[PDB]
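Remarks on the structure that follows.
Each answer follows from the model by the rule given with it, or from the source it names; nothing here is a laboratory result. Every residue, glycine as well, gets a Cβ built from its backbone with ideal geometry; the counts of neighbours run over all protein chains shown.
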């Protein structure tokens, strides 16, 4: 294949394939020698990540409100994301804001499982 | 957050999130300074890509056969993957093999869509 | 977003700390 | 697998070709 032909093939990979491809280069060639593809492909995967959110092939969980149990909503957020306390309260308290995104790149199913576990905490969630 | 803590959060990210995280650092810091995270995170995303496949949150399309239509089938694989002739022929000829994976990391619909087009050219496809 | 929370945490790290985040990650995923 | 097809193509590239692939990708996605 041409370099350009390989670039268009790389451009057609799913975010997961790109990740696997890179991981596979790192194991085979070592972190140092594989680094060029790692940094060169991250933007491509980042693009695929975004294109999947706009094509609804993946979804995210936006917090519309933490309700009356801010602390209980933050609990679920920590459980989910692993964020420390400060940062989790920071993310939760950004509710209502478009980037109060708890998680993205998930399946509708998983988004539903998250939306519910969050709502069970008295928060209003919106799956985008 | 703790480093161990930051690390735990990253292990909780989706392939798409890690991909977008790396890309933001690159746009923010430049490919040279962001390189460390790019290389160190790829395996994390690779592990998440494999996890999604195992948990059925993402699916792949596997070629079980191409039949008498090796040519037409290679045409579709080339269409879907952008692989060149040689490479496309190589993969198609791997039909029946576990690694005759035409595409992975896709959604059930996309996987279905792909399965359709391949079966249309004379192939026998399995969605996993 | 959650990723933004991680980034802000990462850019706060010192170069020595960042180096430790990286070794560990690479360590935990069989990196060479 | 398809990615294995791409990996085999990448490792057959000369060091100048790999660099050209890298330069192009970064370029197209606005990398600095």
Subset tally (residues that are under 21 Å from residue A:34 (Cβ atoms) and either facing chain B (nearest Cβ under 7 Å) or surrounded by 15 or more Cβ atoms within 10 Å (Cβ to Cβ) (or both)) for chain C: 8
Selection count where residues are within 17 Å of the chain's Cα centre (by Cα) and either closer than 14 Å to residue B:75 by Cβ or crowded, with 19+ Cβ neighbours inside 10 Å (or both), scope segment B:88-106: 10
Residue in segment B:63-70 that is crowded, with 17+ Cβ neighbours inside 10 Å and either within 16 Å of the chain's Cα centre (by Cα) or under 26 Å from residue B:16 (Cα atoms) (or both) present: yes
Qualifying position, being touching a strand residue (DSSP E or B) at 6+ places or on another chain (Cβ under 6 Å) and not assigned by CATH to the domain that holds residue B:91, among B:32, B:14: B:14
